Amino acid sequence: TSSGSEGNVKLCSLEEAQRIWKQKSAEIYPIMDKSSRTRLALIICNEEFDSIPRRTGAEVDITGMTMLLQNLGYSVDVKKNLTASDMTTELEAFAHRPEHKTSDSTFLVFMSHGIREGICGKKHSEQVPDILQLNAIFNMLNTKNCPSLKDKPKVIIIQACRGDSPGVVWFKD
């Protein structure tokens, strides 16, 4: 049933959960007791831009990801239409959240226009760039700047172009 907290996500049974622990040894990330854990997720989605076209349909992506991450047990923070400077600040704020101390993992989702250099902020144009590099995301969530997530999985999802190219080449069959 999709009436539960996990919605459309297929559940792992107790038989399955022990089979995974027998298939592979002490090489799975440990999960915290469901009763006490405080898992956090952050979604930054840019739809309304100053100079670049409107990302119509982004709301479907926010709904989908938000519900997905909640189903997997994450409290989801959603932030919209931010500059690279705002994104950095929001990411720093996320790395300082005390719930990470009693969490076993995190998810970061970025959704925006993009170029080869990185993710486009609210104010981005070719004349005055407003770019958040992926390098910066890793730096803000690493063991130095986010000690609370030491030894814990950090999953980063990015929806964006990485350039102008169609990404295809022709061949004859």
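All residue numbers are counted from 1 along the displayed sequence. Just so we're on the same page, rigid core means the largest C-alpha set that superposes within 1.5 Å between forms.
J.: In 6 other deposited structures of this protein, superposed by the rigid core, which stretch departs further from the shown form in CA positions, 23 to 31 or 121 to 129?
T.: When 23 to 31 and 121 to 129 are compared in 6 other deposited structures of this protein, the bigger C-alpha shift is seen for 23 to 31.
J.: Identify the stretch, either 141 to 149 or 123 to 131, whose C-alpha atoms have the larger mean B-factor according to the entry.
T.: That would be 123 to 131.
J.: Taking the recorded C-alpha temperature factors, which stretch has the higher mean, 35 to 43 or 56 to 64?
T.: Of 56 to 64 and 35 to 43, the stretch with the higher C-alpha B-factor average is 56 to 64.
J.: Considering only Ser112, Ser105, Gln70, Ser51, which residue's Cα atom bears the greatest B-factor as recorded?
T.: Reading the PDB entry, the winner on C-alpha B-factor is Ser51.
J.: Once the chain's modelled residues are ordered by C-alpha B factor and cut into thirds, is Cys12 in the lowest, middle or highest one?
T.: Highest third - that is where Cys12 ends up once the chain's C-alpha B-factors are sorted.
J.: Looking at the C-alpha B-factor of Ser165, is it in the lowest, middle or highest third of its chain?
T.: CA B-factor rank for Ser165: middle third.
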